[PDB]
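Novice: Supplied structure: final.txt, compact mmCIF, N, CA and C atoms.
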# COMPACT_ATOMS: atom_id res chain seq x y z
N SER A 1 -26.34 38.93 -19.99
CA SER A 1 -26.07 38.59 -21.42
C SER A 1 -27.37 38.36 -22.16
N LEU A 2 -27.32 38.55 -23.48
CA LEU A 2 -28.48 38.36 -24.36
C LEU A 2 -29.24 37.04 -24.15
N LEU A 3 -28.53 35.93 -24.07
CA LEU A 3 -29.17 34.63 -23.91
C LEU A 3 -29.86 34.53 -22.54
N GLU A 4 -29.17 35.03 -21.53
CA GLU A 4 -29.67 35.07 -20.18
C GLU A 4 -30.95 35.89 -20.12
N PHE A 5 -30.94 37.06 -20.75
CA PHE A 5 -32.07 37.96 -20.80
C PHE A 5 -33.19 37.23 -21.49
N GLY A 6 -32.85 36.52 -22.55
CA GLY A 6 -33.87 35.76 -23.26
C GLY A 6 -34.58 34.74 -22.40
N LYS A 7 -33.83 34.03 -21.58
CA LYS A 7 -34.44 33.06 -20.70
C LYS A 7 -35.28 33.72 -19.62
N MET A 8 -34.83 34.88 -19.12
CA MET A 8 -35.59 35.63 -18.15
C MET A 8 -36.96 36.04 -18.76
N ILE A 9 -36.93 36.51 -20.01
CA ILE A 9 -38.15 36.88 -20.72
C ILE A 9 -39.10 35.69 -20.83
N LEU A 10 -38.56 34.56 -21.26
CA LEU A 10 -39.42 33.36 -21.42
C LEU A 10 -40.02 32.94 -20.08
N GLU A 11 -39.19 32.87 -19.04
CA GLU A 11 -39.66 32.48 -17.72
C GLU A 11 -40.74 33.45 -17.23
N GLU A 12 -40.60 34.72 -17.56
CA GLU A 12 -41.52 35.74 -17.10
C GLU A 12 -42.85 35.74 -17.86
N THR A 13 -42.77 35.66 -19.17
CA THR A 13 -43.92 35.88 -20.03
C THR A 13 -44.49 34.66 -20.69
N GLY A 14 -43.73 33.59 -20.81
CA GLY A 14 -44.16 32.38 -21.51
C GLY A 14 -44.00 32.55 -23.00
N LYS A 15 -43.45 33.68 -23.53
CA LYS A 15 -43.08 33.92 -24.92
C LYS A 15 -41.59 33.76 -25.14
N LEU A 16 -41.21 33.19 -26.27
CA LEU A 16 -39.79 33.11 -26.62
C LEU A 16 -39.34 34.50 -27.00
N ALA A 17 -38.18 34.93 -26.51
CA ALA A 17 -37.68 36.27 -26.83
C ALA A 17 -37.49 36.47 -28.31
N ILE A 18 -36.91 35.46 -28.97
CA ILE A 18 -36.86 35.41 -30.41
C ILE A 18 -37.98 34.38 -30.75
N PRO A 19 -39.03 34.69 -31.49
CA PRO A 19 -39.23 35.92 -32.22
C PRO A 19 -40.20 36.90 -31.60
N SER A 20 -40.65 36.67 -30.37
CA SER A 20 -41.65 37.57 -29.85
C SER A 20 -41.20 39.01 -29.52
N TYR A 21 -39.96 39.17 -29.07
CA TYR A 21 -39.47 40.51 -28.68
C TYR A 21 -38.23 40.95 -29.45
N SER A 22 -37.71 40.09 -30.31
CA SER A 22 -36.48 40.39 -31.04
C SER A 22 -36.61 41.35 -32.21
N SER A 23 -37.81 41.49 -32.77
CA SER A 23 -38.06 42.42 -33.87
C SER A 23 -39.42 43.11 -33.74
N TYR A 24 -39.77 43.53 -32.53
CA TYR A 24 -41.10 44.10 -32.30
C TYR A 24 -41.05 45.60 -32.25
N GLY A 25 -41.98 46.21 -32.95
CA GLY A 25 -42.07 47.66 -32.98
C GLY A 25 -40.82 48.40 -33.44
N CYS A 26 -40.62 49.59 -32.87
CA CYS A 26 -39.50 50.41 -33.23
C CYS A 26 -38.28 50.21 -32.40
N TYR A 27 -38.44 49.60 -31.24
CA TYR A 27 -37.33 49.49 -30.29
C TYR A 27 -36.96 48.10 -29.82
N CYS A 28 -37.78 47.09 -30.05
CA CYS A 28 -37.46 45.77 -29.50
C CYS A 28 -36.56 45.01 -30.45
N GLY A 29 -35.37 44.71 -29.97
CA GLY A 29 -34.43 43.91 -30.74
C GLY A 29 -33.34 44.73 -31.42
N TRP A 30 -33.74 45.74 -32.18
CA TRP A 30 -32.79 46.59 -32.90
C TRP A 30 -33.43 47.98 -32.90
N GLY A 31 -33.88 48.40 -31.71
CA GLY A 31 -34.51 49.69 -31.48
C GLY A 31 -33.66 50.75 -32.13
N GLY A 32 -33.99 52.02 -32.01
CA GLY A 32 -33.23 53.09 -32.65
C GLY A 32 -33.93 54.43 -32.79
N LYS A 33 -35.13 54.45 -33.36
CA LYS A 33 -35.77 55.74 -33.57
C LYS A 33 -37.27 55.62 -33.68
N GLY A 34 -37.94 56.75 -33.67
CA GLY A 34 -39.39 56.77 -33.79
C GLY A 34 -40.18 56.75 -32.48
N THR A 35 -41.49 56.88 -32.59
CA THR A 35 -42.34 56.86 -31.42
C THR A 35 -42.66 55.38 -31.13
N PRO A 36 -42.45 54.90 -29.91
CA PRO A 36 -42.78 53.51 -29.60
C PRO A 36 -44.21 53.21 -29.97
N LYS A 37 -44.50 52.04 -30.52
CA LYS A 37 -45.78 51.74 -31.06
C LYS A 37 -46.85 51.45 -30.00
N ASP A 38 -46.42 50.96 -28.83
CA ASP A 38 -47.34 50.50 -27.79
C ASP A 38 -46.55 50.35 -26.49
N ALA A 39 -47.22 49.94 -25.42
CA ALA A 39 -46.57 49.78 -24.11
C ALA A 39 -45.35 48.81 -24.15
N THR A 40 -45.51 47.68 -24.82
CA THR A 40 -44.43 46.70 -24.96
C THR A 40 -43.22 47.35 -25.63
N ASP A 41 -43.46 48.09 -26.73
CA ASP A 41 -42.39 48.80 -27.43
C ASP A 41 -41.73 49.84 -26.50
N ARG A 42 -42.52 50.48 -25.65
CA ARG A 42 -42.01 51.42 -24.67
C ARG A 42 -41.10 50.70 -23.67
N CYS A 43 -41.43 49.46 -23.33
CA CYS A 43 -40.56 48.68 -22.44
C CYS A 43 -39.18 48.56 -23.10
N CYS A 44 -39.17 48.27 -24.40
CA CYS A 44 -37.88 48.17 -25.12
C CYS A 44 -37.17 49.53 -25.25
N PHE A 45 -37.89 50.61 -25.47
CA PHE A 45 -37.32 51.93 -25.48
C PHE A 45 -36.55 52.22 -24.18
N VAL A 46 -37.25 51.98 -23.09
CA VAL A 46 -36.66 52.21 -21.75
C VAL A 46 -35.46 51.32 -21.49
N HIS A 47 -35.58 50.07 -21.93
CA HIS A 47 -34.46 49.12 -21.83
C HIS A 47 -33.27 49.57 -22.63
N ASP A 48 -33.51 50.08 -23.82
CA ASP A 48 -32.45 50.60 -24.65
C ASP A 48 -31.75 51.78 -23.91
N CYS A 49 -32.55 52.65 -23.30
CA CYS A 49 -32.03 53.78 -22.57
C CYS A 49 -31.24 53.31 -21.35
N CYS A 50 -31.75 52.25 -20.74
CA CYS A 50 -31.12 51.64 -19.58
C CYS A 50 -29.72 51.15 -19.89
N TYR A 51 -29.58 50.48 -21.02
CA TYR A 51 -28.29 50.03 -21.48
C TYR A 51 -27.47 51.23 -21.85
N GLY A 52 -28.09 52.23 -22.45
CA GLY A 52 -27.38 53.46 -22.83
C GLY A 52 -26.75 54.21 -21.67
N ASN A 53 -27.28 54.04 -20.47
CA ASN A 53 -26.78 54.62 -19.23
C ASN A 53 -25.43 53.95 -18.84
N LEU A 54 -25.08 52.82 -19.49
CA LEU A 54 -23.90 51.96 -19.18
C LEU A 54 -22.93 51.82 -20.37
N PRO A 55 -22.40 52.93 -20.86
CA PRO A 55 -21.56 52.90 -22.06
C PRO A 55 -20.25 52.12 -21.94
N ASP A 56 -19.84 51.81 -20.57
CA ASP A 56 -18.61 51.06 -20.40
C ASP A 56 -18.90 49.65 -19.89
N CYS A 57 -20.18 49.20 -20.08
CA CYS A 57 -20.56 47.82 -19.83
C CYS A 57 -20.90 47.16 -21.14
N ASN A 58 -21.05 45.86 -21.15
CA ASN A 58 -21.29 45.04 -22.32
C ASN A 58 -22.44 44.04 -22.08
N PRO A 59 -23.66 44.57 -22.15
CA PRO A 59 -24.89 43.82 -21.88
C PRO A 59 -25.14 42.57 -22.72
N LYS A 60 -24.63 42.55 -23.96
CA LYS A 60 -24.85 41.36 -24.79
C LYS A 60 -24.14 40.14 -24.30
N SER A 61 -22.90 40.30 -23.78
CA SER A 61 -22.04 39.22 -23.43
C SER A 61 -21.80 39.01 -21.97
N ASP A 62 -21.94 40.05 -21.15
CA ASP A 62 -21.62 39.94 -19.75
C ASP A 62 -22.75 39.23 -19.01
N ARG A 63 -22.41 38.12 -18.36
CA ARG A 63 -23.36 37.32 -17.58
C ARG A 63 -23.46 37.79 -16.13
N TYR A 64 -24.69 38.03 -15.68
CA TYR A 64 -24.96 38.33 -14.30
C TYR A 64 -25.65 37.15 -13.64
N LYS A 65 -25.65 37.16 -12.33
CA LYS A 65 -26.34 36.11 -11.60
C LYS A 65 -27.60 36.68 -10.94
N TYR A 66 -28.66 35.91 -10.98
CA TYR A 66 -29.87 36.33 -10.31
C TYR A 66 -30.59 35.09 -9.84
N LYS A 67 -31.54 35.29 -8.93
CA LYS A 67 -32.33 34.20 -8.42
C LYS A 67 -33.81 34.58 -8.44
N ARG A 68 -34.65 33.57 -8.29
CA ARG A 68 -36.06 33.77 -8.19
C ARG A 68 -36.35 33.38 -6.77
N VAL A 69 -36.98 34.33 -6.08
CA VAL A 69 -37.39 34.23 -4.67
C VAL A 69 -38.90 34.17 -4.76
N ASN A 70 -39.36 32.93 -4.88
CA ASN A 70 -40.72 32.63 -5.24
C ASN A 70 -40.79 33.19 -6.68
N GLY A 71 -41.66 34.12 -7.01
CA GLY A 71 -41.63 34.68 -8.35
C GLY A 71 -40.68 35.88 -8.54
N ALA A 72 -40.30 36.54 -7.45
CA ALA A 72 -39.49 37.76 -7.54
C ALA A 72 -38.11 37.53 -8.14
N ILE A 73 -37.71 38.45 -9.01
CA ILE A 73 -36.38 38.43 -9.59
C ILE A 73 -35.49 39.22 -8.65
N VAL A 74 -34.42 38.59 -8.17
CA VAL A 74 -33.48 39.25 -7.30
C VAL A 74 -32.08 39.17 -7.91
N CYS A 75 -31.57 40.31 -8.33
CA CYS A 75 -30.23 40.39 -8.90
C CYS A 75 -29.22 40.13 -7.78
N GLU A 76 -28.27 39.23 -8.00
CA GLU A 76 -27.26 38.91 -6.99
C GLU A 76 -26.01 39.76 -7.24
N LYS A 77 -25.21 39.96 -6.20
CA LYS A 77 -24.08 40.87 -6.33
C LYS A 77 -22.97 40.28 -7.17
N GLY A 78 -22.60 41.02 -8.25
CA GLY A 78 -21.47 40.67 -9.12
C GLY A 78 -20.62 41.91 -9.26
N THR A 79 -20.15 42.11 -10.47
CA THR A 79 -19.46 43.38 -10.77
C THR A 79 -20.51 44.52 -10.85
N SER A 80 -20.07 45.77 -10.79
CA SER A 80 -20.99 46.87 -10.97
C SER A 80 -21.74 46.78 -12.28
N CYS A 81 -21.04 46.53 -13.38
CA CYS A 81 -21.70 46.37 -14.64
C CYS A 81 -22.76 45.27 -14.58
N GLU A 82 -22.39 44.11 -14.05
CA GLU A 82 -23.36 43.04 -13.98
C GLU A 82 -24.62 43.41 -13.21
N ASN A 83 -24.43 44.06 -12.07
CA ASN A 83 -25.55 44.49 -11.24
C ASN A 83 -26.49 45.42 -11.99
N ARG A 84 -25.91 46.39 -12.69
CA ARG A 84 -26.67 47.37 -13.40
C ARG A 84 -27.36 46.77 -14.63
N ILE A 85 -26.63 45.92 -15.33
CA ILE A 85 -27.22 45.22 -16.48
C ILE A 85 -28.39 44.35 -16.00
N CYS A 86 -28.21 43.66 -14.90
CA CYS A 86 -29.29 42.80 -14.38
C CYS A 86 -30.55 43.63 -14.05
N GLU A 87 -30.36 44.79 -13.43
CA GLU A 87 -31.50 45.60 -13.08
C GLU A 87 -32.22 46.07 -14.34
N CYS A 88 -31.48 46.39 -15.39
CA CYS A 88 -32.09 46.78 -16.66
C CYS A 88 -32.97 45.66 -17.21
N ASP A 89 -32.42 44.46 -17.23
CA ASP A 89 -33.12 43.31 -17.79
C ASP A 89 -34.32 42.91 -16.97
N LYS A 90 -34.17 42.91 -15.64
CA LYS A 90 -35.25 42.62 -14.69
C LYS A 90 -36.42 43.58 -14.97
N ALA A 91 -36.12 44.88 -15.08
CA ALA A 91 -37.17 45.85 -15.37
C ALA A 91 -37.89 45.52 -16.69
N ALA A 92 -37.14 45.20 -17.74
CA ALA A 92 -37.73 44.92 -19.05
C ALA A 92 -38.65 43.69 -18.97
N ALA A 93 -38.21 42.64 -18.29
CA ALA A 93 -38.99 41.42 -18.16
C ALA A 93 -40.29 41.71 -17.41
N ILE A 94 -40.21 42.48 -16.32
CA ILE A 94 -41.41 42.89 -15.57
C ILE A 94 -42.29 43.75 -16.46
N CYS A 95 -41.69 44.68 -17.20
CA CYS A 95 -42.47 45.54 -18.07
C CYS A 95 -43.21 44.69 -19.12
N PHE A 96 -42.52 43.70 -19.70
CA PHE A 96 -43.17 42.84 -20.70
C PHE A 96 -44.34 42.14 -20.07
N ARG A 97 -44.16 41.61 -18.88
CA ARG A 97 -45.23 40.90 -18.18
C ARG A 97 -46.43 41.81 -17.92
N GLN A 98 -46.15 43.03 -17.51
CA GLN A 98 -47.20 43.98 -17.17
C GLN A 98 -47.97 44.42 -18.41
N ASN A 99 -47.40 44.25 -19.59
CA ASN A 99 -48.06 44.70 -20.81
C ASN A 99 -48.45 43.60 -21.78
N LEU A 100 -48.45 42.38 -21.30
CA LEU A 100 -48.83 41.23 -22.17
C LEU A 100 -50.26 41.44 -22.64
N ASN A 101 -51.03 42.15 -21.82
CA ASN A 101 -52.44 42.44 -22.14
C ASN A 101 -52.64 43.23 -23.42
N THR A 102 -51.64 43.98 -23.85
CA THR A 102 -51.76 44.77 -25.08
C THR A 102 -50.75 44.39 -26.15
N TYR A 103 -49.96 43.36 -25.88
CA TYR A 103 -48.99 42.85 -26.84
C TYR A 103 -49.76 42.57 -28.13
N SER A 104 -49.23 42.99 -29.27
CA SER A 104 -49.88 42.70 -30.54
C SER A 104 -48.94 42.14 -31.60
N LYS A 105 -49.32 40.98 -32.11
CA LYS A 105 -48.51 40.30 -33.12
C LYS A 105 -48.29 41.14 -34.37
N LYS A 106 -49.17 42.07 -34.64
CA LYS A 106 -49.04 42.95 -35.78
C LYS A 106 -47.76 43.78 -35.73
N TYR A 107 -47.10 43.88 -34.56
CA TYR A 107 -45.90 44.71 -34.49
C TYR A 107 -44.62 43.89 -34.64
N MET A 108 -44.76 42.59 -34.80
CA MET A 108 -43.58 41.73 -34.97
C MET A 108 -43.05 42.03 -36.38
N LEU A 109 -41.74 42.08 -36.55
CA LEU A 109 -41.14 42.41 -37.85
C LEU A 109 -41.60 43.75 -38.37
N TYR A 110 -41.77 44.71 -37.47
CA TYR A 110 -42.21 46.03 -37.85
C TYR A 110 -41.13 46.70 -38.71
N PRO A 111 -41.50 47.29 -39.87
CA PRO A 111 -40.48 47.84 -40.78
C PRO A 111 -39.91 49.16 -40.31
N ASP A 112 -38.62 49.31 -40.51
CA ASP A 112 -37.86 50.46 -40.09
C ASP A 112 -38.47 51.78 -40.53
N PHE A 113 -38.95 51.94 -41.79
CA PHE A 113 -39.36 53.22 -42.31
C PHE A 113 -40.55 53.81 -41.54
N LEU A 114 -41.26 52.99 -40.77
CA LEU A 114 -42.38 53.48 -40.01
C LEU A 114 -41.94 54.02 -38.63
N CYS A 115 -40.64 54.11 -38.43
CA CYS A 115 -40.10 54.57 -37.15
C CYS A 115 -39.23 55.81 -37.43
N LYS A 116 -39.74 57.00 -37.20
CA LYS A 116 -38.99 58.21 -37.56
C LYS A 116 -38.89 59.17 -36.38
N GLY A 117 -37.76 59.86 -36.27
CA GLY A 117 -37.64 60.88 -35.24
C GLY A 117 -36.88 60.36 -34.05
N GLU A 118 -36.22 61.28 -33.38
CA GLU A 118 -35.46 60.94 -32.19
C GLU A 118 -36.30 61.28 -30.98
N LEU A 119 -36.38 60.32 -30.05
CA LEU A 119 -37.12 60.45 -28.80
C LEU A 119 -36.05 60.36 -27.74
N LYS A 120 -35.95 61.36 -26.87
CA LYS A 120 -34.88 61.41 -25.87
C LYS A 120 -35.18 60.52 -24.69
N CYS A 121 -34.11 59.89 -24.21
CA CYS A 121 -34.33 59.08 -22.99
C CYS A 121 -34.62 59.92 -21.74
N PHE B 1 -29.33 30.97 -32.05
CA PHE B 1 -29.89 32.32 -32.32
C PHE B 1 -29.17 33.38 -31.52
N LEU B 2 -27.88 33.59 -31.66
CA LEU B 2 -27.40 34.56 -30.69
C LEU B 2 -27.19 36.06 -30.93
N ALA B 3 -28.35 36.71 -30.75
CA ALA B 3 -28.60 38.15 -30.74
C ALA B 3 -30.16 38.25 -30.65
N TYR B 4 -30.70 39.46 -30.44
CA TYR B 4 -32.16 39.79 -30.35
C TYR B 4 -32.95 39.55 -29.07
N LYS B 5 -33.30 40.72 -28.54
CA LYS B 5 -34.01 40.97 -27.31
C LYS B 5 -35.50 40.81 -27.42
Can you present the structure in this file as structure tokens?
Specialist:
Amino acid sequence: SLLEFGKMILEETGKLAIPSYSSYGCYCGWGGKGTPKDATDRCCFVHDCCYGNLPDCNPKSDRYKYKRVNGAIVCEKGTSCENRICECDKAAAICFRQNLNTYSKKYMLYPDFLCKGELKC
Amino acid sequence: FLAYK
């Protein structure tokens, strides 16, 4: 679920999901179109595609269970949707962590008109 | 705040 994903992001990166990742670039928060602005934005692009692979799941509301094994994120067995949603979120949180080095505040609240074109998953 | 990734 969205709130769960948000806590995973905070635990991983030390940034609050809102507002750090909720309106970043072309794809973070309300992704949709255009060339991703940077690596972090690409993490959201891929996450969007990841959710897109699950058209009969409900990532915003469906809660999955996971644990931290030392620092490792380990998705625990739930429903198929939950498992798949968890893997999507786990990947995004790791991706955000791996790209904190290039995260740029200038992309927060990035305006829609600067995001044009369809990029295929 | 419930929405936004």
Novice: Residues of chain A within 5 Å of chain B, using only N, CA and C atoms, as a list in words?
Specialist: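 Output check: residues 17, 21, 22 and 29 of chain A.
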Novice: Between CA of residue 59 (chain A) and CA of residue 93 (chain A), what distance in Å does the model show, to one decimal?
Specialist: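 Interatomic distance here is 14.8 Å.
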Novice: Run DSSP on the backbone of this structure and report the residues of chain A it assigns to strand (DSSP E or B), as a PyMOL selection string.
Specialist: chain A and resi 24+66-69+72-75+108
Novice: So what do you get for atom C of residue 65 (chain A) versus CA of residue 78 (chain A), distance-wise?
Specialist: 7.5 Å
Novice: For the atom pair CA of residue 34 (chain A) and CA of residue 84 (chain A), what is the interatomic distance in Å to one decimal place?
Specialist: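 Interatomic distance, CA of residue 34 (chain A) to CA of residue 84 (chain A): 25.8 Å.
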Novice: Select, counting all atoms listed in the file, all protein, DNA and RNA residues no farther than 6.5 Å from (-43.3, 48.8, -34.3) in file coordinates, and express the selection as an MDAnalysis selection string.
Specialist: chainID A and resid 24:27 36:37 107:108 110:111
Novice: Using only C-alpha atoms, pick whichever of A:90, A:105, A:116, A:47 has the shortest atom-to-atom distance to residue 75 (chain A).
Specialist: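 So, comparing all the options, the nearest one is A:90.
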Novice: Identify, on the basis of only C-alpha atoms, every residue whose closest approach to residue 102 (chain A) does not exceed 8 Å; exclude the query and any residue fewer than 3 positions from it along the same chain; express the result as a list in words.
Specialist: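 The residues satisfying every condition are residues 38, 39, 40 and 99 of chain A.
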